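Accompanying notes for the structure given below.
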Amino acid sequence: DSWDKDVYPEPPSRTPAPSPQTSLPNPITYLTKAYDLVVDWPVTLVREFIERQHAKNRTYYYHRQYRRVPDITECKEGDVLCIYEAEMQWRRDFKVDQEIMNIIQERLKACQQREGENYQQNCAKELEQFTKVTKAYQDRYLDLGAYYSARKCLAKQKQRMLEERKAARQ
Amino acid sequence: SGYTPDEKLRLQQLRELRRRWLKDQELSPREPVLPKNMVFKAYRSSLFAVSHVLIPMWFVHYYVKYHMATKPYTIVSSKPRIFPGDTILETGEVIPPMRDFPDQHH
Amino acid sequence: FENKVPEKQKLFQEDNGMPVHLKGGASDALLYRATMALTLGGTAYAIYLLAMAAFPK
Amino acid sequence: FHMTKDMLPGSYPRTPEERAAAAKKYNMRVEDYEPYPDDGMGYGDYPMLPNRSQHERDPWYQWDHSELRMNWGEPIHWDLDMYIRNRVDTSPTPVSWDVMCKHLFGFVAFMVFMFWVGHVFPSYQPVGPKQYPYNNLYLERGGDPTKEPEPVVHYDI
Amino acid sequence: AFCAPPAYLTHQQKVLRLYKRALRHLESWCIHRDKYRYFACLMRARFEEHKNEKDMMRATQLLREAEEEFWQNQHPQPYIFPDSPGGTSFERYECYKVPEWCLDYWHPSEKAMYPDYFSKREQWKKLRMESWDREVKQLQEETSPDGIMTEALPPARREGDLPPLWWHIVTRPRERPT
Amino acid sequence: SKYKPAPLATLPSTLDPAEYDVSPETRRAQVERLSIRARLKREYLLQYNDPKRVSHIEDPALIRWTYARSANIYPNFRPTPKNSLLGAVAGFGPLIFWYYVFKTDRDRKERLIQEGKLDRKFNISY
Amino acid sequence: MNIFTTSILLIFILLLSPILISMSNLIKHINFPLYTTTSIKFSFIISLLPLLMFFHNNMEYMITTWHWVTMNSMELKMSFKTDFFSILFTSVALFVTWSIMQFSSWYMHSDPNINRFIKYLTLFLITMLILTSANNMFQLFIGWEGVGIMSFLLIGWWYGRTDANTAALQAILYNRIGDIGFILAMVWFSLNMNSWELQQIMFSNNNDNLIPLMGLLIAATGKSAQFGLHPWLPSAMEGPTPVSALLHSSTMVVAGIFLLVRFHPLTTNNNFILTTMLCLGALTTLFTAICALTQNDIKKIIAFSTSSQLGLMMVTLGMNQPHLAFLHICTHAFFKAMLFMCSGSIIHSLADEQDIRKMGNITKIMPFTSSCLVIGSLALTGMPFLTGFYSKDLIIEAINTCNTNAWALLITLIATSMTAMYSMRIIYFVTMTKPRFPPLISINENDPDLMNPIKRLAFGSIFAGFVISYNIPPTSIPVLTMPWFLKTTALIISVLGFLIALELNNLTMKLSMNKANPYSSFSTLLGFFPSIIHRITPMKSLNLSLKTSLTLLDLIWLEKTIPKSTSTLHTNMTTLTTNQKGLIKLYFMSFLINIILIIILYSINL
Ligand SMILES: CCCCCCCCCCCCCCCCCC(=O)OC[C@H](COP(=O)(O)OCCN)OC(=O)CCCCCCCCCCCCCCCCC
Ligand SMILES: CCCCCCCCCCCCCCCCCC(=O)OC[C@H](COP(=O)(O)OCCN)OC(=O)CCCCCCCCCCCCCCCCC
């Protein structure tokens, strides 16, 4: 498994012990034992064959990282070089934030499906996290337009700072 | 009124040519000129199950384990029902029972 | 209020074999059916109630 | 092809000679041919065929255009693409159109009125509300665990 | 279907059409066979007792009154035969009545799949050519220079001749082609 | 107790009063109507049953109907008060009405966003 | 956790297999209808397996098989929400489709496109299973539209029939109005909760959802053919009988009701929505039963029976009882598949004779089909301890003993009594009295491909409600402490409906003609809704189109306004500027006044 519980949290499963009160056999258990023996064994055998071929031909790939160029706040206007660099940085951070919101939404969906009819109570922390990241995303990225830009985001953030500063006066 | 003699003679000629056309619509015995059964349970219901069911089962079970469970939130299920008096297989505690049921009328 | 008795009379001398208490069409047939189902349905309710009074709880 | 302006449709007819020429062009009799009124809607000399759909035509007749139920060379209605058999029907009905409108509107209005009557006079059972424990399920409906709700207390009877 | 309608319907034709339509709506109302037979005998008696009319203006008035009564008392959903227009099975196999001229456009492989049938088809086409020339001459001769003209067609008036415009009647597709 | 027709429910040809009061002029009018119908049917039947025909039968009725419905309208159009009023209302009135409803809706939305009484729940992708 | 997903995806793969076989150029060598029938029965077994698994552990499943596209915070993934509704409807639909496929293999013989017919039926089953098991609203809409288009094709199967083409087009129209409602709901959900995901819908339960529930109600009305959008289903009976059965009896008709069952947690928090669904369902079941009392085509009668029971389900969703509605969905699928299949056997052996006025003596002449028709009719009316007793009776119990509309209650009871009445009309005019068919006897119902599916559907219509209802996990607590006139109400109204319609049929047997009345005219002419609406709406729409849009704007007024006015202005001005006389005296006069004008303009400019 390529995923981890640090970013995809999951409570441990608590299955109950089987207690057959009736004397009839369980067709579910009979069919799953037969299905295991006829299907799961050849599938896992060919999978270990494929994985040992992978181990014979093992290759590695790396996750690319980008250093932090100075932001658009210290970019002179009209100097399109640093503005372009900061704009590409802003676009990359925008895509990262989009995938962050996707991760949070997937976590919320998993919480709801896992809890079922207890989702109103047990998913309070997940819904609170979704609400917080939703409010932050709305405050940083909403209403930018189709041509969203680092300059437009900076203008929106400056307007928000001015209005909250005027609200902080009284 | 009935048939005029113009239409009466015409129709019998059109009907007569209609029988000739429909007779020609028949096929000669050579038409068209084209260029291990066992029983149903032993054979007919057997190879279908091992080809159209068993082989696609292998490909599906390959996909749902080595390409679905390896993904984070593909197969997510609700928690199973836990009643008092049950024992958890994973952790190992016993859920305590209920109270005394003061009403035992029925 | 006009006179429609003589037209209503000729809806009562049809020699079709339909009796006098059903000769008024289908409406009196439905009234017949409803009163036949509800006197008997009342009667079975009365006999059941008399039996329930005769055999107390 | 061989289609020319003299038998192609043209301007609005004024003289009786021009009306007769238009009728001959459209393969109609002079008295049967009647153009649209000259109100400048672009109809021209095209005849005012009666506004009847193609369902009125005899279905047992072997029409030249069997789907359209029309012959060959007879004038085409201006609204044939309305009056084809896949579309608007003008056929006579066993009951009158005003009678159908009145009955349908009366049924709809009657049902609406009695639904309002049943809404203002609802029917129920001689019971109280549904009894629920734990402050009417405060925690399970998504209540705040920190904020203590008003104690909803229920009693036996 | 096989006979073209005339210019106008005669009074006798209209009376017979009304009689047949009234009997059809009578059986649609009656459903049961004995009831239909009784009321059909009654309607036949009504037509018979209005049959011997001499004024003919009162006969047209009686026809108009009978049409008004029929339109008032007609069944909203009358019985229709499945092959009749408006029926359930009407025009059902028009998707299967393929015209005969695609057999010309068939490939030589599909030509060789049915040899004897295509030989008979070629014989029919040759007969069609010769009879077409002869019947064009016949229809040119038979047409009146002026006067009244009906949709009916003349027959073949000499030996070895086919009736004019016979092709779309003789070679029409079967009503149950499959 | 009389059938009342409509443009969408026409009166039956067996119930019209124009047939029972029939005249010799009307009878002969139907006679030449049948004559023209038969002449056109004969011409189409000859063209249909010609075996030397290698193409579709052209239809002058279809050609005339298509030209009347496509190309004759602007040559035969004359501006009147009535069609000018109808064209003006049918080209402007819906536009003005939809402009007014959209402007009030968007003004209400923008004012509610500005002074804060409209809360966006999870609108993050607009 | 692997066998379950493997079984679901194997159901989908076994459904997809005959389509690839049809495109794989070996249909000319194999027996395609038998092959597809075996595929459907194996899919039914592999759907019976998770039915047993869910009956054991009651686990709710969500399987995200493929990731389609990711666009910012909206991530469209192909997922299946395998629930109680999904599993039970998959099993019921697969069993019904197995029966209908075997029946159609018997029925549509001497038809060269039988392989295309079976392929179309299989494609419809694939789209219906996609719609049933879909997890997000985009896949829900994929299944919805696949259902709609396959219904279009299967109604217009006989493309040489103008009536069939017209009925298919109007089915497309009413389904498209439902699609507009569904699109409104989908758009609102994407705008407000960033996803079409049902888990986020569950998290959307806690606010005002009036607009998306109104859109879902419009979608359900359009799909299930309620009042206002009803007549496309009796029009949709124009196609073949197996199409009528499978399409418009078991699967398509319950799709909007299934959608509202899916959105029942949102539905439970909106009293306005619950009240208007209760009213709409009661009105449509009363209206459709009213039509069915005097319909004479047997397929039309059972179509209106289907629509009236859909109104009953619509009422059942009108209260907070979605699981009862789904139970009635299963029982109704069984009943109408069986009834339609029996009527199709009647029609085929009576040589395409479809109306009940040319039938009779069917009890003596077709004992098997008469027995099964009686079984289906009794189970539809609510004969106790049959399959319909475990849903219809509880629906009657809930409407009698919960706080709802009084008029809706009254017309629902009247609709149930009239359901018994029109089932009596079917039984009388088909299975009873004297024969009325043409004399030539062509009855042969001894073919096994006809005989076996009716047996299987009879076993279903006897035992399926029993087995399912005692395997249902206990949800939506019913009430039981109630007096007798509310308890046996369904039995009393069914019995009196049977007896009233029996007496009325005896009156029709009695030798007397009666004057027709506007009540029977209204019922026979479908409430005048098809004639009136289907004439007044297309005529005004197409008249507005041609006589305003095309003509008045494009061919007249835009053409007069921009291009021809520009051309007229330039032509008039070029005539004015080139209307020269060619006289050098006038030219030099022009030059002189040009010189004078230049002097004056220079003098005033300075
Ligand atoms: C208690 C509360 C009660 C509330 C009640 C509410 C009622 C709401 C009703 C909403 C829908 C009303 C309009 C429905 C129009 C349906 C038209 C239709 O189906 O036409 C089909 C018709 C042919 O059908 P027909 O002749 O009947 O059958 C064949 C018999 N030989 O004709 C044709 O096939 C002609 C071909 C089509 C022509 C073009 C049609 C375009 C329509 C565009 C409509 C745009 C606006 C839609 C608005 C929807 C609003 C919901
Ligand atoms: C809702 C939006 C509203 C706002 C947008 C409105 C504008 C939309 C775009 C404008 C479109 C204009 C189209 C002009 C071409 C159409 C007219 C045309 O082609 O007329 C043909 C006619 C000559 O006909 P001809 O072919 O010789 O004869 C028929 C067969 N022999 O031609 C003539 O008789 C003369 C044609 C003259 C040339 C026309 C093209 C050039 C026009 C130049 C306009 C200059 C305007 C500014 C002038 C100065 C300020 C007043």
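Following the order of the structure tokens, first chain is A, next is B, and so on, with residues numbered from 1 inside each chain and ligands from 1 in the order they appear.
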Pull the closest atom pair for each residue of chain D that gets at most 8 Å from chain A, along with the distance in Å to one decimal, counting only C-alpha atoms, ordering rows by chain and then ascending residue number, as a tab-separated table.
residue	atom	partner	partner_atom	distance
D:139	CA	A:121	CA	6.5
D:140	CA	A:121	CA	5.3
D:141	CA	A:120	CA	5.6
D:142	CA	A:120	CA	4.8
D:143	CA	A:121	CA	7.5
Take the selection from the previous step and output its residues with N, CA, C and O atoms, as a PDB file, in the first residue's frame.
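Generated file (result30.pdb):
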ATOM      1  N   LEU D 139     -27.018  14.609  21.541  1.00  0.00           N
ATOM      2  CA  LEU D 139     -25.662  14.298  21.100  1.00  0.00           C
ATOM      3  C   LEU D 139     -25.648  13.614  19.739  1.00  0.00           C
ATOM      4  O   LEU D 139     -24.757  13.876  18.926  1.00  0.00           O
ATOM      5  N   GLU D 140     -26.619  12.742  19.474  1.00  0.00           N
ATOM      6  CA  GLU D 140     -26.594  11.952  18.248  1.00  0.00           C
ATOM      7  C   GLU D 140     -27.043  12.758  17.033  1.00  0.00           C
ATOM      8  O   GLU D 140     -26.707  12.398  15.899  1.00  0.00           O
ATOM      9  N   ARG D 141     -27.794  13.840  17.228  1.00  0.00           N
ATOM     10  CA  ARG D 141     -28.163  14.655  16.077  1.00  0.00           C
ATOM     11  C   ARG D 141     -27.094  15.672  15.709  1.00  0.00           C
ATOM     12  O   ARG D 141     -27.281  16.419  14.743  1.00  0.00           O
ATOM     13  N   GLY D 142     -25.992  15.732  16.449  1.00  0.00           N
ATOM     14  CA  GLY D 142     -24.920  16.646  16.116  1.00  0.00           C
ATOM     15  C   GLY D 142     -24.804  17.823  17.058  1.00  0.00           C
ATOM     16  O   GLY D 142     -24.260  18.867  16.687  1.00  0.00           O
ATOM     17  N   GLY D 143     -25.314  17.673  18.277  1.00  0.00           N
ATOM     18  CA  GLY D 143     -25.195  18.729  19.257  1.00  0.00           C
ATOM     19  C   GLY D 143     -23.775  18.888  19.762  1.00  0.00           C
ATOM     20  O   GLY D 143     -22.946  17.983  19.681  1.00  0.00           O
TER      21      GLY D 143
END
| task | Within 9 Å of ligand 2, which residues show up when you count only C-alpha atoms and all ligand atoms? List them as a list in words, please. | result | residues 558, 559, 561, 562, 563, 564, 565, 566, 567, 568, 569, 570, 571, 572 and 574 of chain G
Limited to C-alpha atoms, could you put the picked residues into a file as a PDB file, in the first residue's frame?
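Ended up saving to out_28.pdb:
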ATOM      1  CA  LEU G 558     -32.740  41.365 -38.635  1.00  0.00           C
ATOM      2  CA  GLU G 559     -32.242  41.131 -42.406  1.00  0.00           C
ATOM      3  CA  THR G 561     -32.222  46.009 -39.932  1.00  0.00           C
ATOM      4  CA  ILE G 562     -28.506  45.428 -40.330  1.00  0.00           C
ATOM      5  CA  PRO G 563     -27.403  44.191 -43.805  1.00  0.00           C
ATOM      6  CA  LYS G 564     -30.107  45.297 -46.237  1.00  0.00           C
ATOM      7  CA  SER G 565     -30.392  48.705 -44.579  1.00  0.00           C
ATOM      8  CA  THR G 566     -26.621  49.165 -44.864  1.00  0.00           C
ATOM      9  CA  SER G 567     -26.781  48.084 -48.518  1.00  0.00           C
ATOM     10  CA  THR G 568     -29.750  50.378 -49.213  1.00  0.00           C
ATOM     11  CA  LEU G 569     -28.016  53.366 -47.601  1.00  0.00           C
ATOM     12  CA  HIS G 570     -24.829  52.806 -49.583  1.00  0.00           C
ATOM     13  CA  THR G 571     -26.683  52.162 -52.861  1.00  0.00           C
ATOM     14  CA  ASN G 572     -28.797  55.309 -52.503  1.00  0.00           C
ATOM     15  CA  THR G 574     -23.648  56.042 -54.469  1.00  0.00           C
TER      16      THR G 574
END
List all protein, DNA and RNA residues that have an atom no more than 9 Å from any atom of ligand 1, counting only C-alpha atoms and all ligand atoms, and report them as a PyMOL selection string. (chain D and resi 82+85-89+108-109+111-113+115) or (chain E and resi 86) or (chain G and resi 162-174+177-178+180-181+218+227-229+231-232+235+276+279-280+283+529-542)
Starting from chain G, keep only residues with some atom at most 10 Å from an atom of chain E, counting only C-alpha atoms, and report them as a ChimeraX atom specification. /G:109-112,157-164,237-239,294-297,351-360,429,433-436,508-516,520-525
Keeping only C-alpha atoms, write the selected residues as an mmCIF file, in the first residue's frame.
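Full text of again-v1.cif as output:
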data_model
loop_
_atom_site.group_PDB
_atom_site.id
_atom_site.type_symbol
_atom_site.label_atom_id
_atom_site.label_comp_id
_atom_site.auth_asym_id
_atom_site.auth_seq_id
_atom_site.Cartn_x
_atom_site.Cartn_y
_atom_site.Cartn_z
ATOM 1 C CA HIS G 109 -39.204 -15.149 -33.126
ATOM 2 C CA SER G 110 -39.531 -14.584 -36.887
ATOM 3 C CA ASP G 111 -37.824 -11.218 -36.357
ATOM 4 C CA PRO G 112 -34.460 -10.702 -38.124
ATOM 5 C CA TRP G 157 -38.254 -0.491 -32.173
ATOM 6 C CA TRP G 158 -40.736 -0.702 -35.053
ATOM 7 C CA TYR G 159 -39.438 2.401 -36.804
ATOM 8 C CA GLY G 160 -41.950 2.019 -39.615
ATOM 9 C CA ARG G 161 -44.712 3.025 -37.195
ATOM 10 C CA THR G 162 -45.418 6.752 -36.946
ATOM 11 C CA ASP G 163 -47.319 6.219 -33.688
ATOM 12 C CA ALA G 164 -44.310 4.410 -32.207
ATOM 13 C CA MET G 237 -46.864 0.827 -24.460
ATOM 14 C CA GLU G 238 -46.674 1.163 -28.291
ATOM 15 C CA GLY G 239 -43.526 -0.971 -28.537
ATOM 16 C CA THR G 294 -62.512 2.329 -18.642
ATOM 17 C CA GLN G 295 -59.394 1.587 -20.663
ATOM 18 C CA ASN G 296 -59.968 -1.401 -22.945
ATOM 19 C CA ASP G 297 -56.519 -2.207 -24.342
ATOM 20 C CA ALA G 351 -52.343 -13.030 -33.140
ATOM 21 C CA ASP G 352 -51.608 -9.458 -32.007
ATOM 22 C CA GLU G 353 -55.164 -8.914 -30.736
ATOM 23 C CA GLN G 354 -54.722 -6.467 -27.893
ATOM 24 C CA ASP G 355 -58.039 -5.196 -26.500
ATOM 25 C CA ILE G 356 -60.255 -7.077 -24.056
ATOM 26 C CA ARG G 357 -63.392 -6.749 -26.199
ATOM 27 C CA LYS G 358 -62.110 -9.549 -28.478
ATOM 28 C CA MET G 359 -61.082 -12.013 -25.767
ATOM 29 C CA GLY G 360 -62.913 -14.426 -23.471
ATOM 30 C CA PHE G 429 -63.259 -9.434 -19.706
ATOM 31 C CA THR G 433 -67.497 -15.060 -20.120
ATOM 32 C CA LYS G 434 -67.851 -16.491 -23.639
ATOM 33 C CA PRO G 435 -65.177 -16.344 -26.365
ATOM 34 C CA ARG G 436 -65.063 -13.376 -28.720
ATOM 35 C CA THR G 508 -72.839 -4.866 -18.815
ATOM 36 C CA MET G 509 -73.717 -8.519 -19.462
ATOM 37 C CA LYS G 510 -77.387 -7.596 -18.958
ATOM 38 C CA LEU G 511 -79.200 -6.826 -22.222
ATOM 39 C CA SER G 512 -79.697 -3.043 -22.101
ATOM 40 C CA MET G 513 -77.910 -0.067 -23.669
ATOM 41 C CA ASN G 514 -77.318 2.922 -21.405
ATOM 42 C CA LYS G 515 -76.619 6.555 -22.216
ATOM 43 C CA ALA G 516 -72.950 7.498 -22.027
ATOM 44 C CA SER G 520 -67.006 7.588 -18.388
ATOM 45 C CA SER G 521 -66.051 9.848 -21.304
ATOM 46 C CA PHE G 522 -63.504 11.611 -19.066
ATOM 47 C CA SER G 523 -62.128 8.287 -17.856
ATOM 48 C CA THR G 524 -61.953 6.689 -21.322
ATOM 49 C CA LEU G 525 -60.361 9.713 -23.013
#
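Using only C-alpha atoms, the residues found no farther than 9 Å from residue 10 of chain B, other than those of its own chain fewer than 2 positions away, are residues 5, 6, 7, 8, 12, 13, 14 and 15 of chain B; 153, 154, 155, 156 and 163 of chain E.
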Residues just named, written with C-alpha atoms as a short mmCIF file (atom, residue, chain, number, x, y, z; two decimals), in the first residue's frame:
data_model
loop_
_atom_site.label_atom_id
_atom_site.label_comp_id
_atom_site.auth_asym_id
_atom_site.auth_seq_id
_atom_site.Cartn_x
_atom_site.Cartn_y
_atom_site.Cartn_z
CA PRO B 5 -65.68 -4.47 -66.49
CA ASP B 6 -62.58 -2.31 -67.01
CA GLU B 7 -61.41 -2.77 -63.42
CA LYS B 8 -62.76 -6.34 -63.19
CA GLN B 12 -57.70 -10.47 -62.48
CA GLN B 13 -54.66 -9.71 -64.62
CA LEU B 14 -52.89 -7.95 -61.74
CA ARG B 15 -53.77 -10.83 -59.41
CA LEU E 153 -56.44 2.43 -65.22
CA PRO E 154 -57.34 0.39 -68.32
CA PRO E 155 -56.51 -3.32 -68.63
CA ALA E 156 -54.55 -5.06 -71.38
CA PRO E 163 -51.88 -3.97 -67.93
#
Q. What lies within 10 Å of residue 203 of chain G using only C-alpha atoms, ignoring chain neighbours under 5 positions off, as a PyMOL selection string?
A. (chain A and resi 108-109+112+119-120+123+127) or (chain G and resi 193+197-198+266)
Write a file of the selected residues as a compact mmCIF listing (two decimals), in the first residue's frame, keeping C-alpha atoms.
# COMPACT_ATOMS: atom_id res chain seq x y z
CA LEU A 108 -14.91 13.70 4.92
CA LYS A 109 -16.45 11.19 2.49
CA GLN A 112 -19.41 9.67 6.46
CA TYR A 119 -22.05 10.55 11.07
CA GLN A 120 -23.85 13.45 12.76
CA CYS A 123 -17.69 13.13 12.20
CA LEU A 127 -16.63 18.42 9.51
CA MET G 193 -21.37 21.48 -1.42
CA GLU G 197 -21.02 12.94 -3.68
CA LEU G 198 -23.77 11.45 -1.53
CA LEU G 266 -32.71 15.40 2.81
Excluding residue 95 of chain B and its own-chain neighbours fewer than 4 positions away, which residues fall within 8 Å of it when counting only C-alpha atoms? Please give them as a PDB file with N, CA, C and O atoms, in the first residue's frame.
ATOM      1  N   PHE B  83     -23.166  -5.680  19.306  1.00  0.00           N
ATOM      2  CA  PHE B  83     -24.191  -5.863  20.318  1.00  0.00           C
ATOM      3  C   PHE B  83     -23.556  -6.176  21.664  1.00  0.00           C
ATOM      4  O   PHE B  83     -22.392  -6.579  21.731  1.00  0.00           O
ATOM      5  N   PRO B  84     -24.276  -5.954  22.767  1.00  0.00           N
ATOM      6  CA  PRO B  84     -23.776  -6.409  24.071  1.00  0.00           C
ATOM      7  C   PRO B  84     -23.604  -7.919  24.108  1.00  0.00           C
ATOM      8  O   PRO B  84     -24.403  -8.671  23.545  1.00  0.00           O
ATOM      9  N   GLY B  85     -22.544  -8.360  24.780  1.00  0.00           N
ATOM     10  CA  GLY B  85     -22.189  -9.761  24.817  1.00  0.00           C
ATOM     11  C   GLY B  85     -21.287 -10.225  23.695  1.00  0.00           C
ATOM     12  O   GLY B  85     -20.918 -11.405  23.669  1.00  0.00           O
ATOM     13  N   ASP B  86     -20.922  -9.345  22.769  1.00  0.00           N
ATOM     14  CA  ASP B  86     -20.040  -9.705  21.672  1.00  0.00           C
ATOM     15  C   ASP B  86     -18.579  -9.540  22.073  1.00  0.00           C
ATOM     16  O   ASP B  86     -18.242  -8.815  23.010  1.00  0.00           O
ATOM     17  N   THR B  87     -17.711 -10.229  21.339  1.00  0.00           N
ATOM     18  CA  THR B  87     -16.272 -10.176  21.550  1.00  0.00           C
ATOM     19  C   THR B  87     -15.605  -9.653  20.287  1.00  0.00           C
ATOM     20  O   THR B  87     -15.877 -10.145  19.188  1.00  0.00           O
TER      21      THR B  87
END
Would you give me, as a Markdown table, each residue of chain D having an atom within 7 Å of an atom of chain E, along with its shortest atom pair and that distance in Å to one decimal, using only C-alpha atoms and sorting by chain and residue number?
| residue | atom | partner | partner_atom | distance |
| --- | --- | --- | --- | --- |
| D:59 | CA | E:85 | CA | 6.5 |
| D:60 | CA | E:1 | CA | 5.2 |
| D:61 | CA | E:1 | CA | 5.4 |
| D:62 | CA | E:1 | CA | 6.3 |
| D:94 | CA | E:76 | CA | 5.9 |
Next, write the just-selected residues to a file, as a short mmCIF file (atom, residue, chain, number, x, y, z; two decimals), in the first residue's frame, keeping N, CA, C and O atoms as the atom set.
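File produced: again16.cif:
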data_model
loop_
_atom_site.label_atom_id
_atom_site.label_comp_id
_atom_site.auth_asym_id
_atom_site.auth_seq_id
_atom_site.Cartn_x
_atom_site.Cartn_y
_atom_site.Cartn_z
N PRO D 59 -56.67 7.18 -44.74
CA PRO D 59 -55.52 6.29 -44.51
C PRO D 59 -55.53 5.05 -45.37
O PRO D 59 -54.48 4.41 -45.52
N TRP D 60 -56.67 4.68 -45.95
CA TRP D 60 -56.73 3.52 -46.83
C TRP D 60 -56.29 3.84 -48.25
O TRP D 60 -56.02 2.92 -49.02
N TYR D 61 -56.21 5.12 -48.60
CA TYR D 61 -55.78 5.50 -49.94
C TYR D 61 -54.28 5.31 -50.09
O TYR D 61 -53.51 5.54 -49.15
N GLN D 62 -53.86 4.88 -51.28
CA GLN D 62 -52.45 4.67 -51.57
C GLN D 62 -51.84 6.00 -52.00
O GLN D 62 -51.74 6.33 -53.18
N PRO D 94 -64.40 12.85 -30.17
CA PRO D 94 -65.77 12.43 -29.81
C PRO D 94 -66.50 13.41 -28.91
O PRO D 94 -67.74 13.36 -28.84
#
If we count only C-alpha atoms and set the cut-off at 12 Å, which residues sit around residue 49 of chain D, ignoring sequence neighbours fewer than 2 positions away in its own chain? Please answer as a ChimeraX atom specification. /D:26,28,32-36,45-47,51-53,74-80,83
Emit the selected residues as a compact mmCIF listing (two decimals), in the first residue's frame, including N, CA and C atoms.
# COMPACT_ATOMS: atom_id res chain seq x y z
N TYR D 26 -49.57 26.46 -59.21
CA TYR D 26 -49.73 25.63 -58.02
C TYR D 26 -50.65 24.44 -58.25
N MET D 28 -53.88 24.22 -58.98
CA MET D 28 -55.16 24.37 -58.33
C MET D 28 -56.14 25.04 -59.29
N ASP D 32 -60.61 27.68 -56.33
CA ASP D 32 -60.08 27.03 -55.13
C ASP D 32 -58.83 27.74 -54.61
N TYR D 33 -58.05 28.36 -55.50
CA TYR D 33 -56.83 29.02 -55.08
C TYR D 33 -57.15 30.31 -54.34
N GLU D 34 -56.55 30.47 -53.17
CA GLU D 34 -56.72 31.67 -52.37
C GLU D 34 -55.41 32.00 -51.67
N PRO D 35 -54.75 33.09 -52.03
CA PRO D 35 -53.49 33.45 -51.37
C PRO D 35 -53.74 34.01 -49.98
N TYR D 36 -52.65 34.09 -49.21
CA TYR D 36 -52.69 34.74 -47.92
C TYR D 36 -52.96 36.23 -48.10
N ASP D 45 -47.66 34.60 -53.13
CA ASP D 45 -48.78 33.98 -53.82
C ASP D 45 -49.05 32.55 -53.36
N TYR D 46 -48.43 32.12 -52.27
CA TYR D 46 -48.64 30.76 -51.79
C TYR D 46 -50.07 30.60 -51.29
N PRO D 47 -50.75 29.52 -51.66
CA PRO D 47 -52.18 29.41 -51.36
C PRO D 47 -52.45 29.17 -49.89
N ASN D 51 -56.43 24.61 -42.75
CA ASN D 51 -55.57 24.26 -41.62
C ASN D 51 -56.06 22.96 -40.98
N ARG D 52 -55.86 21.88 -41.72
CA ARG D 52 -56.17 20.53 -41.27
C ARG D 52 -54.91 19.69 -41.33
N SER D 53 -54.69 18.87 -40.31
CA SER D 53 -53.49 18.05 -40.25
C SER D 53 -53.60 16.89 -41.24
N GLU D 74 -49.73 17.97 -55.83
CA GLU D 74 -50.72 18.79 -55.15
C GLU D 74 -50.01 19.81 -54.26
N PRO D 75 -50.63 20.97 -54.01
CA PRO D 75 -49.97 21.99 -53.18
C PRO D 75 -49.75 21.52 -51.75
N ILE D 76 -48.63 21.95 -51.20
CA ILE D 76 -48.24 21.63 -49.83
C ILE D 76 -48.67 22.77 -48.92
N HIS D 77 -49.24 22.42 -47.77
CA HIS D 77 -49.59 23.41 -46.76
C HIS D 77 -48.35 24.15 -46.28
N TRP D 78 -48.54 25.41 -45.89
CA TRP D 78 -47.44 26.21 -45.36
C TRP D 78 -46.91 25.64 -44.05
N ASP D 79 -47.75 24.93 -43.30
CA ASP D 79 -47.40 24.36 -42.01
C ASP D 79 -47.44 22.84 -42.05
N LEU D 80 -46.90 22.25 -43.12
CA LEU D 80 -46.80 20.79 -43.18
C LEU D 80 -45.88 20.27 -42.08
N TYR D 83 -48.01 19.90 -39.33
CA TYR D 83 -49.18 19.05 -39.47
C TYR D 83 -48.85 17.64 -39.93
Counting only C-alpha atoms, a student should be able to say which residues of chain G come within 9 Å of chain A; what is the right answer, written as a VMD selection string?
chain G and resid 3 49 52 to 53 56 60 to 62 70 to 75 195 197 to 200 202 to 203
